[PDB]
Amino acid sequence: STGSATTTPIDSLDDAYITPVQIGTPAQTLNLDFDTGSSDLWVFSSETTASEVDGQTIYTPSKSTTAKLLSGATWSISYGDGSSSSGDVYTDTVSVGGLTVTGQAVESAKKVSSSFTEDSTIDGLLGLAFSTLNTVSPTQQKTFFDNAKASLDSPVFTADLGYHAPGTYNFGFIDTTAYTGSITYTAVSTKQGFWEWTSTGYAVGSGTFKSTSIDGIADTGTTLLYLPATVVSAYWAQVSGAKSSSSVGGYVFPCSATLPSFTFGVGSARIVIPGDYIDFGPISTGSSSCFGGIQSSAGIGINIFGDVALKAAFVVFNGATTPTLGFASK
């Protein structure tokens, strides 16, 4: 089997991407944030504290003839940005772009933090990291990909995120029309539960390539590119007026600037992020200070190849017995 679904930016800055997901019988369609940096499929629901729901579409398990309470199971997750959610668990039928999993754990939120409530466009998350990170207790649950894997034509999914435009998640096949040149594959460590790999270096604009190993994760659920402070400083030094602002929470730059590109290495291959992908707009409405799309990972504890980086590539998440990652230009 295969599946293919369009993923759509939630706003004009590509702050996140939502992908429609069918849950239950009859189908209830929710727009979920596909997140290769976590492993829980959780949804706003009829059980979510009423004051914490503000415009999201909810899953109502009592209206699904295929929903079953997973008795005794609970979940609770906290993300890198300080946001969180928790609740109980149902199993139900879940379909993405024509690909159907029966008995998928659907984690129903009883509580969500303010960041989630305030974002009316995201109805929940669909985790695509390794199932070892799944938070369900006392019986850990499998991701949608893990459940689908054996049924797929090939044990892969691909992320093709757009810049200020829709893109595609495919399951079970590689669309050879969706990228240019060849796909370069690179090793993955699953030791921390992530799609963790080592970039071979970087360049800023038309500058020379610096060969240096940068360990990080391919994370569709993180908006920006988070890299070591040395790398980030080298990038922003090429932008007149750019500075790190503790009050804003990272690098800002004059909105009048033309940003240079940023290149990252994948083996001997190179992925070029155009300068415009690195502009996240005014820090507040009407400001002439703009937020940068490349930020320091210092204090995160891991480098993160988030959407800024991934949307410059066609990305293969290869879930073979020894997982790997593939990147192509597009």
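Quick note: numbers on chain A are straight from Swiss-Prot, i.e. 90-419, in order.
Structure method, as recorded: X-ray crystallography, 1.4 Å.
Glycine is treated like the rest: Cβ placed from N, Cα and C.
The domain 'Peptidase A1' annotation in Swiss-Prot covers 106-417. The feature active site is assigned by Swiss-Prot to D124, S288. Residues annotated as disulfide bond in Swiss-Prot: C344-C379.
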Checklist entry - Where the distance is taken from Cα to Cα, which of the recorded positions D124, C344, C379 turns out closest to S288 (active site)? => result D124
Item to check | Local Cβ density at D124 (active site) - other Cβ atoms counted within 10 Å | outcome: 21
Item to check | DSSP-derived class (H/G/I helix, E/B strand, else coil) of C344 (disulfide bond) | outcome: coil
Checklist outcome for this item: One should report the C-alpha separation between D124 (active site) and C379 (disulfide bond), rounded to whole angstrom, as 26
Next on the checklist: Fewest other C-beta atoms within 10 angstroms of its own C-beta: which of the disulfide-bonded residues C344, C379 fits that?
Outcome noted: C344
Checklist entry - Which number gives the other C-beta atoms within 10 angstroms of the C-beta of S288 (active site), all protein chains shown included? => result 22
Checklist entry - Reduced to three states, what secondary structure does DSSP give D124 (active site)? => result strand
